Amino acid sequence: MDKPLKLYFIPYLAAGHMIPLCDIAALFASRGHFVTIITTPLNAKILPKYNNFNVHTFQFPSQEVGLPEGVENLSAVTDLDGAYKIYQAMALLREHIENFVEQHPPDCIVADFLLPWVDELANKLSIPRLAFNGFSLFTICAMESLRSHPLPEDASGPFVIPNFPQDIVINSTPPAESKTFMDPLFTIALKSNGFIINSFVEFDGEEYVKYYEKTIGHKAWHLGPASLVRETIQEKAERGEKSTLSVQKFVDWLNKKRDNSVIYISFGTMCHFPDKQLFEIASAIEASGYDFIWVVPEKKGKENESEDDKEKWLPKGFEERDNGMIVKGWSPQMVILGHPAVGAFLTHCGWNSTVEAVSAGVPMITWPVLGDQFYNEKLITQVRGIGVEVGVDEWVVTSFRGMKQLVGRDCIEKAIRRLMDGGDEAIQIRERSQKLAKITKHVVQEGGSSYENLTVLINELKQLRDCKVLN
Ligand SMILES: O=c1ccn([C@@H]2O[C@H](COP(=O)(O)OP(=O)(O)O)[C@@H](O)[C@H]2O)c(=O)[nH]1
């Protein structure tokens, strides 16, 4: 405790991984330790400078991979071809990230599991390495259960998480490509000194801290929710990028609406639905009759579209009926989720949006797509009971318009009304959502579970640095 720790954080150029890790680094910084983000200039510009908070950037290799100069994240990409160009950009930066870490070795490296080469880098420098994937510990425990008890290569439909602390049924089997991509990364992540979890034990579950520790034989650190590090309006509004619309334009509009009368629809920064699916979503939105905030990254840069182009995905006259806001870009998700007018959150079950909704006490209408989301769906609806399910069952490989099955409008409206119409089921769902919101308000506060976990982690990291000084 005599001298602060020097911690490096290497996020992946994706909003779902970049945003939570930087807020976790901000938690270390408010303790008094010198944290350093290693990313690209555009991912660093939005980062609020805290005490002990600094960045080390290398220029994004734009023409080496063949992308426009303003594109330095997966959220700016609209194509699977563009997604791999981000990956090759990470491969090119690896050379300079390794040289910088070797020249100025830190007390501890915290890197995303999509960068598994950090294992050798931390090993040859003999410094403790932490892993981060943005998942829930529940989801990590479930995916490690399938990796030990695999599905037969003819499986289809629902399946049970094998030999699990609770009996839970996922509504679709993972694609073969997901297993062959996740399995190598999880194996290297388990070689680390510990896993950082952007969550808190009251939400994941103690029975899964003890599952991960005793069955899998590894350490996980519940430091979340990290978004709670942002307290001001400007801190909650400036996340990832600048919001496309004036933050005051959202607040003024929402301030006129009733409490729990607006539905927020957003499917993350990696999911783009085809025009036919957006048409069903919009048709279900107007048939529900509720005011809405709909995030449509599929149409960013497509304003003042021709009527022929807008009728590909919107019912005729949808925009003339001004019962909501179409955000064709980046919306202040923390600002909108925290407003009392928002009563439901139609989500893709990405983990950042999940813990953000938990902190805001907004029940969720679940629509998983890929990755950890199908596991996250049942953590929201069955285990914790803070949402309803649309009923989707297509686990896609690519969320860049890879959906082959159409989710009907009646299916969506039925799910929207189950929370917004204020039924008995919806009333007690919101009561279970506020119960977690009150718990979440102090988990990273002094005395909270996530706070004391960060204290124990920093001590053990300080211990290992003291041993390296001996040698
Ligand atoms: O218009 C948008 C879309 C997303 N987000 C943020 O981006 C993250 C989305 O990550 P998540 O894990 O929920 O989904 P992913 O994009 O990784 O699939 C969350 O922090 C959201 O608050 C945002 O601020 N504005």
_Förster-model FRET efficiency, 22 Å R0, residue 456 and residue 126, C-beta, rounded to 0.05_ = 0.50
*Once the piece of chain linking residue 80 and residue 49 is laid out straight, how much longer is it, given 0.36 nm per residue of separation minus the C-alpha distance between them?*
7.9 nm
*With θ set to phi - 60°, apply the Karplus curve 6.51 cos²θ - 1.76 cosθ + 1.60 along the range 53-60 and write out the HN-Hα couplings as whole Hz, x wherever there is a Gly or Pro.*
10, 9, 10, 10, 10, 10, 4, 5
*Considering the alpha-carbon set of the range 242-440 alone, what are its Rg and its Dmax in angstrom?*
15.7, 49
_Less than 19 Å apart at the alpha-carbon level, and either on another chain or at least 8 residues along: which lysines does that give for residue 3?_
462, 468
*Per-residue [θ]222 nm for the chain (sum of -39500 (n - 2.57) over DSSP H runs n ≥ 4, rounded to 500)*: -12500 deg cm²/dmol
*Residues with amide H under 5 Å of residue 400's amide H, sequence separation 5 or more or different chain, H placed in the peptide plane at 1.01 Å from N; which?*
272
_Linear extension gain, residue 30 paired with residue 56, 0.36 nm per residue minus alpha-carbon span_ = 7.5 nm
*Pop a pseudo-label 7 angstrom from the Cα along the beta-carbon direction at both residue 180 and residue 470 and give the gap in nm to one decimal.*
4.7
*Which of 317, 224, 133 sits farthest toward the positive end of the charge dipole of the chain, with +1 on the Cβ of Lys and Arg and -1 on the Cβ of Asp and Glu?*
224
_Distance (nanometres) between label positions extended 7 Å along Cα→Cβ at residue 255 and residue 69_ = 3.9
*Quick one: putting +1 on the C-beta of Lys and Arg, -1 on the C-beta of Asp and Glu, what dipole do you get for the range 242-440 around its Cα centre, in Debye to the nearest 20?*
520
*Dipole magnitude of the chain about its Cα centre (Cβ charges: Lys, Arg +1; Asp, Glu -1), debye to nearest 20*: 980
*Which semi-axes, in whole Å and largest first, does the equivalent ellipsoid of the chain have when worked out from the alpha carbon gyration tensor as the square roots of 5 times its eigenvalues?*
35, 25, 23
*By count of other Cβ within 10 Å, fewest leading, how are 196, 170 ordered?*
170, 196
*Using only Cα atoms, locate the centre of the range 266-320 and the centre of the range 107-174, then give the distance between them in Å, rounded to an integer.*
34
_DSSP beta bridge pairing in the chain, given as percent antiparallel to the nearest 5_ = 5
*Evaluated at 25 °C with a viscosity of 0.890 mPa s, what Stokes-Einstein diffusion coefficient in µm²/s does the range 83-222 have when Rh comes from the Kirkwood expression over alpha-carbon pairs?*
148
*Which whole-Hz couplings ³J(HN,Hα) result when phi for each residue of the range 135-152 is put into the Karplus expression 6.51 cos²θ - 1.76 cosθ + 1.60, θ = phi - 60°, listed in order with x for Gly and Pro?*
8, 7, 5, 4, 5, 4, 5, 6, 5, 6, 6, 5, 5, 8, 10, x, 6, x
*State the extension gain, in nm to one decimal, for the chain segment bounded by residue 383 and residue 234, taking 0.36 nm per residue of separation less the distance between their alpha-carbons.*
50.3 nm
*Rounding to the nearest 20 debye, state how big the charge dipole of the range 356-471 is about its Cα centre with +1 on each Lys and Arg Cβ and -1 on each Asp and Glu Cβ.*
180
_Karplus-derived HN-Hα couplings along the range 201-218 (A = 6.51, B = -1.76, C = 1.60, θ = phi - 60°), whole Hz, x at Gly and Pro_ = 5, 5, 8, 5, x, 4, 4, 9, 5, 6, 5, 4, 6, 8, 8, 8, x, 7
*Can you tell me the 0 to 90 degree angle between the C-alpha axis of helix 409-420 and the longest principal axis of the chain, rounded to 10?*
70
*Quote the FRET efficiency, to the nearest 0.05, computed for residue 219 versus residue 187 with a Förster distance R0 of 22 Å and r equal to the Cβ-Cβ distance.*
0.85
*Using the number of other C-beta atoms within 10 angstrom as an exposure proxy, rank 294, 117 with the fewest first.*
117, 294
*Descending semi-axes in Å of the range 430-471, equivalent ellipsoid built from Cα gyration tensor*: 36, 7, 4
*Let me know the Kirkwood hydrodynamic radius for the range 242-322, please, with Cα pairs as the basis and the value in Å to one decimal.*
14.0
*Distances over 16 Å make up what percent of all Cα-Cα pairs in the range 299-359?*
57
*asked:* Between residue 322 and residue 432, what is the label-point separation in nm under the 7 Å Cα-to-beta-carbon projection?
replied: 3.9
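Every read-out reported here was derived from the displayed coordinates using simple, explicitly stated rules and does not represent laboratory data. So basically every Cβ, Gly included, is an ideal-geometry build from the backbone, and we count neighbours across all protein chains shown.
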